[PDB]
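Accompanying notes for the structure given below.
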Amino acid sequence: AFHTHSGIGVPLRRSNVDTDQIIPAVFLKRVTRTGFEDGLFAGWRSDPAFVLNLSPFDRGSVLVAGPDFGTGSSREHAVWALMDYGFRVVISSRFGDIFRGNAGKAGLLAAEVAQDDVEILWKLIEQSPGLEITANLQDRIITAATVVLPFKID
């Protein structure tokens, strides 16, 4: 039951991020009493330069990603891993269909935004890391700094 979220935006310039990149399959069988926060993007997180390792993106809760986010006959767990880490909004110019449905059910907003608009968001948050992005479901807008960009959920 999403309604409105404001949080630190995270610029992930990766395209075709599949569900095995979001949550590698080994994590589905590794004992954990909290959730999958430590498996989220675990393959990329070993590199200190990876965006989520950078402060303040580490505490981010709005993910701004490249095209085709969550391709790969999803697992509910990919959405759940994003949420466990703290994300409540993911922005992309196109989502995997099954990921999309899972995101809605779980309360993760999958906001579809035109690629040129995604670019605007990337630049803003790269230029001022820590910049908050706000998603408003009722009005269907993403706002950040002095920009107000339209999104769809279908």
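Please note that chains go A, B, ... in the order of the structure tokens, that every chain numbers its residues from 1, and that ligands are numbered from 1 in the order shown.
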
When you look at residue A:92 with a cut-off of 10 Å (counting only C-alpha atoms), what residues show up, excluding the ones that are within fewer than 5 positions of it in the same chain? I need them as an NGL selection string.
:A and (12 or 15 or 63-70 or 110-115 or 117-118 or 151)

Let's have the selection written as an mmCIF file, in the first residue's frame, with N, CA, C and O atoms.
```cif
data_model
loop_
_atom_site.group_PDB
_atom_site.id
_atom_site.type_symbol
_atom_site.label_atom_id
_atom_site.label_comp_id
_atom_site.auth_asym_id
_atom_site.auth_seq_id
_atom_site.Cartn_x
_atom_site.Cartn_y
_atom_site.Cartn_z
ATOM 1 N N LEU A 12 22.222 4.047 -10.227
ATOM 2 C CA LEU A 12 22.763 2.779 -10.728
ATOM 3 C C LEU A 12 22.705 2.754 -12.254
ATOM 4 O O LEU A 12 21.661 2.431 -12.846
ATOM 5 N N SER A 15 22.174 -1.411 -17.100
ATOM 6 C CA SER A 15 21.014 -1.839 -17.871
ATOM 7 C C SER A 15 20.836 -3.329 -17.738
ATOM 8 O O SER A 15 21.781 -4.040 -17.414
ATOM 9 N N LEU A 63 16.123 3.894 -5.794
ATOM 10 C CA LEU A 63 17.132 3.385 -6.724
ATOM 11 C C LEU A 63 16.786 3.889 -8.097
ATOM 12 O O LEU A 63 15.664 3.663 -8.549
ATOM 13 N N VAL A 64 17.736 4.561 -8.749
ATOM 14 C CA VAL A 64 17.516 5.029 -10.104
ATOM 15 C C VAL A 64 18.347 4.210 -11.056
ATOM 16 O O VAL A 64 19.556 4.362 -11.101
ATOM 17 N N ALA A 65 17.706 3.355 -11.849
ATOM 18 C CA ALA A 65 18.470 2.369 -12.606
ATOM 19 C C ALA A 65 18.340 2.536 -14.086
ATOM 20 O O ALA A 65 17.450 3.262 -14.569
ATOM 21 N N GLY A 66 19.234 1.868 -14.816
ATOM 22 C CA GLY A 66 19.169 1.826 -16.265
ATOM 23 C C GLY A 66 17.961 1.038 -16.780
ATOM 24 O O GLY A 66 17.192 0.473 -15.997
ATOM 25 N N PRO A 67 17.784 1.014 -18.107
ATOM 26 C CA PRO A 67 16.651 0.336 -18.738
ATOM 27 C C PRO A 67 16.587 -1.141 -18.406
ATOM 28 O O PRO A 67 17.627 -1.774 -18.221
ATOM 29 N N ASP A 68 15.370 -1.696 -18.398
ATOM 30 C CA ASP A 68 15.175 -3.154 -18.285
ATOM 31 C C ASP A 68 15.643 -3.684 -16.944
ATOM 32 O O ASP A 68 16.363 -4.698 -16.870
ATOM 33 N N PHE A 69 15.204 -3.007 -15.889
ATOM 34 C CA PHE A 69 15.529 -3.420 -14.529
ATOM 35 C C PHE A 69 14.654 -4.610 -14.131
ATOM 36 O O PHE A 69 13.444 -4.577 -14.323
ATOM 37 N N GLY A 70 15.269 -5.667 -13.607
ATOM 38 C CA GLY A 70 14.524 -6.824 -13.126
ATOM 39 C C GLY A 70 13.998 -7.756 -14.208
ATOM 40 O O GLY A 70 12.992 -8.426 -14.001
ATOM 41 N N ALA A 110 7.628 0.539 -8.366
ATOM 42 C CA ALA A 110 8.367 0.444 -9.626
ATOM 43 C C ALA A 110 7.870 1.558 -10.538
ATOM 44 O O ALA A 110 6.864 1.402 -11.235
ATOM 45 N N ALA A 111 8.549 2.695 -10.497
ATOM 46 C CA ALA A 111 8.121 3.889 -11.239
ATOM 47 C C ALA A 111 8.766 3.918 -12.613
ATOM 48 O O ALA A 111 9.976 4.070 -12.721
ATOM 49 N N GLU A 112 7.967 3.791 -13.659
ATOM 50 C CA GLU A 112 8.500 3.845 -15.007
ATOM 51 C C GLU A 112 8.614 5.309 -15.436
ATOM 52 O O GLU A 112 7.604 6.006 -15.464
ATOM 53 N N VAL A 113 9.825 5.726 -15.811
ATOM 54 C CA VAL A 113 10.174 7.118 -16.145
ATOM 55 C C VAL A 113 10.924 7.105 -17.473
ATOM 56 O O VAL A 113 11.756 6.223 -17.697
ATOM 57 N N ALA A 114 10.635 8.050 -18.365
ATOM 58 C CA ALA A 114 11.292 8.081 -19.666
ATOM 59 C C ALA A 114 12.805 8.172 -19.507
ATOM 60 O O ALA A 114 13.299 8.773 -18.551
ATOM 61 N N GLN A 115 13.556 7.557 -20.413
ATOM 62 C CA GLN A 115 15.011 7.464 -20.211
ATOM 63 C C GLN A 115 15.662 8.853 -20.097
ATOM 64 O O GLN A 115 16.587 9.058 -19.300
ATOM 65 N N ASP A 117 14.459 11.456 -18.808
ATOM 66 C CA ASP A 117 14.140 11.857 -17.458
ATOM 67 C C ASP A 117 14.984 11.103 -16.437
ATOM 68 O O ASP A 117 15.418 11.680 -15.444
ATOM 69 N N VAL A 118 15.230 9.810 -16.671
ATOM 70 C CA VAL A 118 16.158 9.078 -15.817
ATOM 71 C C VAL A 118 17.541 9.752 -15.806
ATOM 72 O O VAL A 118 18.187 9.875 -14.747
ATOM 73 N N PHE A 151 5.819 9.804 -13.948
ATOM 74 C CA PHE A 151 6.085 8.348 -14.011
ATOM 75 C C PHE A 151 4.763 7.600 -14.215
ATOM 76 O O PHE A 151 3.684 8.190 -13.993
#
```

Which residues are close to residue A:128, i.e. within 12 Å by only C-alpha atoms, leaving aside same-chain residues fewer than 6 positions away? Reply as a list in words.
residues 8, 9, 10, 11, 55, 56, 57, 121, 122, 144 and 145 of chain A

Would you compute the distance between atom CA of residue A:38 and atom CA of residue A:102? Give it in Å to one decimal.
20.3 Å

Do a neighbour search on stretch 76-81 of chain A at 6 Å with only C-alpha atoms, toss out local chain neighbours closer than 3 positions, and write the hits as a PyMOL selection string.
chain A and resi 19+22-23+36-37+40+84+102-103

Please produce an output containing C-alpha atoms for each residue in the selection, written as a tab-separated table (two decimals), in the first residue's frame.
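Once everything was written out, this is again07.tsv:
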```tsv
chain	number	residue	atom	x	y	z
A	19	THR	CA	17.16	-11.05	-10.83
A	22	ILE	CA	19.79	-8.32	-7.78
A	23	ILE	CA	19.90	-11.42	-5.52
A	36	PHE	CA	18.50	-10.58	2.25
A	37	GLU	CA	20.00	-7.13	2.70
A	40	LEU	CA	21.40	-7.47	-2.63
A	84	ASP	CA	15.23	-5.51	3.05
A	102	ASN	CA	5.98	-8.59	-7.60
A	103	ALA	CA	7.06	-5.03	-6.73
```

Of the residues A:44, A:27, A:87, A:50, which is the one nearest to residue A:107, using only C-alpha atoms?
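Of A:44, A:27, A:87, A:50, the one nearest residue A:107, counting only C-alpha atoms, is A:87.
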
Give me the residues near stretch 1-5 of chain A as a PyMOL selection string, where near means some atom within 7 Å (using only C-alpha atoms) and where sequence neighbours in that chain fewer than 6 positions away do not count.
chain A and resi 107+109+134-137

Given the choices A:73, A:17, A:120, A:132, which gets closest to residue A:149 if the distance is worked out from only C-alpha atoms?
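The shortest atom-to-atom distance to residue A:149 comes from A:120.
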
If you run DSSP on the backbone, which residues of stretch 64-120 of chain A are alpha helix (DSSP H), as a list in words?
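The alpha helix (DSSP H) subset of stretch 64-120 of chain A is residues 76, 77, 78, 79, 80, 81, 82, 83, 84, 85, 97, 98, 99, 100, 101, 102, 103, 104, 105, 106, 115, 116, 117, 118, 119 and 120 of chain A.
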
Could you tell me which of A:60, A:154, A:48, A:31 comes closest to residue A:125 if we count only C-alpha atoms?
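Ranking A:60, A:154, A:48, A:31 by distance to residue A:125, first place goes to A:60.
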
For the structure I just gave you, how does DSSP split stretch 22-151 of chain A - specifically, which residues are strand (DSSP E or B)? Reply as an MDAnalysis selection string.
chainID A and resid 62:65 69 71 89:92 95 109:112 132:136 141:144 147:150

Output of the above residues as a compact mmCIF listing (two decimals), in the first residue's frame, restricted to N, CA, C and O atoms:
```txt
# COMPACT_ATOMS: atom_id res chain seq x y z
N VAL A 62 15.85 5.21 -2.70
CA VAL A 62 15.29 5.38 -4.05
C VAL A 62 16.37 4.97 -5.04
O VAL A 62 17.43 5.61 -5.10
N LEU A 63 16.12 3.89 -5.79
CA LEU A 63 17.13 3.39 -6.72
C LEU A 63 16.79 3.89 -8.10
O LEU A 63 15.66 3.66 -8.55
N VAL A 64 17.74 4.56 -8.75
CA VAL A 64 17.52 5.03 -10.10
C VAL A 64 18.35 4.21 -11.06
O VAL A 64 19.56 4.36 -11.10
N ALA A 65 17.71 3.36 -11.85
CA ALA A 65 18.47 2.37 -12.61
C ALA A 65 18.34 2.54 -14.09
O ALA A 65 17.45 3.26 -14.57
N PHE A 69 15.20 -3.01 -15.89
CA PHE A 69 15.53 -3.42 -14.53
C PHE A 69 14.65 -4.61 -14.13
O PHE A 69 13.44 -4.58 -14.32
N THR A 71 14.66 -7.79 -15.36
CA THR A 71 14.48 -8.88 -16.32
C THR A 71 14.89 -10.24 -15.71
O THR A 71 15.70 -10.32 -14.78
N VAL A 89 11.50 2.62 -3.52
CA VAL A 89 11.18 3.04 -4.87
C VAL A 89 12.30 2.58 -5.77
O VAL A 89 13.45 2.72 -5.41
N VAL A 90 11.95 2.05 -6.93
CA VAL A 90 12.93 1.83 -7.97
C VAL A 90 12.44 2.54 -9.21
O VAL A 90 11.26 2.45 -9.56
N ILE A 91 13.34 3.30 -9.83
CA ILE A 91 13.04 4.02 -11.05
C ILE A 91 13.81 3.44 -12.24
O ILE A 91 15.01 3.17 -12.12
N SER A 92 13.12 3.25 -13.37
CA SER A 92 13.73 2.73 -14.60
C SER A 92 12.82 3.08 -15.77
O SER A 92 11.64 3.34 -15.56
N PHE A 95 10.74 -2.00 -16.81
CA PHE A 95 10.96 -3.09 -15.87
C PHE A 95 10.58 -4.44 -16.45
O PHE A 95 9.66 -4.54 -17.25
N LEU A 109 7.55 0.55 -4.96
CA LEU A 109 7.06 1.30 -6.14
C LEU A 109 8.08 1.11 -7.27
O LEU A 109 9.26 1.45 -7.12
N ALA A 110 7.63 0.54 -8.37
CA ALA A 110 8.37 0.44 -9.63
C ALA A 110 7.87 1.56 -10.54
O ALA A 110 6.86 1.40 -11.23
N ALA A 111 8.55 2.70 -10.50
CA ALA A 111 8.12 3.89 -11.24
C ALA A 111 8.77 3.92 -12.61
O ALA A 111 9.98 4.07 -12.72
N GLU A 112 7.97 3.79 -13.66
CA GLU A 112 8.50 3.85 -15.01
C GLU A 112 8.61 5.31 -15.44
O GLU A 112 7.60 6.01 -15.46
N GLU A 132 17.74 14.06 -1.99
CA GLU A 132 16.56 13.20 -1.85
C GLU A 132 15.63 13.22 -3.05
O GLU A 132 15.35 14.26 -3.65
N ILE A 133 15.14 12.04 -3.41
CA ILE A 133 14.13 11.92 -4.45
C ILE A 133 12.80 11.55 -3.78
O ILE A 133 12.79 10.73 -2.86
N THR A 134 11.70 12.17 -4.24
CA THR A 134 10.39 11.95 -3.65
C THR A 134 9.51 11.33 -4.74
O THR A 134 9.51 11.80 -5.86
N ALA A 135 8.82 10.25 -4.42
CA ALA A 135 7.81 9.68 -5.33
C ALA A 135 6.44 9.91 -4.75
O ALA A 135 6.18 9.58 -3.60
N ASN A 136 5.53 10.43 -5.57
CA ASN A 136 4.17 10.72 -5.15
C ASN A 136 3.19 9.94 -6.03
O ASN A 136 3.04 10.23 -7.21
N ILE A 141 4.24 11.76 -9.83
CA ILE A 141 5.40 12.56 -10.13
C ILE A 141 6.58 12.15 -9.26
O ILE A 141 6.40 11.69 -8.14
N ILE A 142 7.77 12.25 -9.84
CA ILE A 142 9.02 12.17 -9.13
C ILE A 142 9.57 13.59 -9.05
O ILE A 142 9.64 14.29 -10.06
N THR A 143 9.96 14.04 -7.87
CA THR A 143 10.55 15.36 -7.74
C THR A 143 11.90 15.26 -7.07
O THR A 143 12.11 14.41 -6.18
N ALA A 144 12.81 16.14 -7.48
CA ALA A 144 14.15 16.21 -6.91
C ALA A 144 14.68 17.60 -7.25
O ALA A 144 14.49 18.08 -8.36
N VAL A 147 13.18 19.82 -10.15
CA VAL A 147 12.67 19.09 -11.31
C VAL A 147 11.46 18.26 -10.83
O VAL A 147 11.41 17.81 -9.66
N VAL A 148 10.47 18.10 -11.70
CA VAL A 148 9.24 17.36 -11.43
C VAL A 148 8.96 16.53 -12.70
O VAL A 148 8.68 17.09 -13.76
N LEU A 149 9.08 15.21 -12.59
CA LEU A 149 9.10 14.32 -13.75
C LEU A 149 7.95 13.33 -13.65
O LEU A 149 7.74 12.77 -12.59
N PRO A 150 7.26 13.06 -14.75
CA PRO A 150 6.10 12.16 -14.69
C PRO A 150 6.54 10.66 -14.68
O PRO A 150 7.52 10.31 -15.34
```

Using only C-alpha atoms, pick whichever of A:24, A:6, A:39, A:51 has the shortest atom-to-atom distance to residue A:126.
A:51

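Distances to residue A:129 were evaluated for A:33, A:59, A:100, A:88 using only C-alpha atoms, and the minimum falls at A:59.
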
Between atom CA of residue A:35 and atom CA of residue A:101, what distance in Å does the model show, to one decimal?
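Atom CA of residue A:101 lies 20.7 Å from atom CA of residue A:35.
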
Best match for closeness to residue A:54 among A:140, A:42, A:99, A:130, counting only C-alpha atoms:
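Ranking A:140, A:42, A:99, A:130 by distance to residue A:54, first place goes to A:130.
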
What is the atom CA of residue A:18-atom CA of residue A:34 distance in Å, reported with one decimal?
23.2 Å
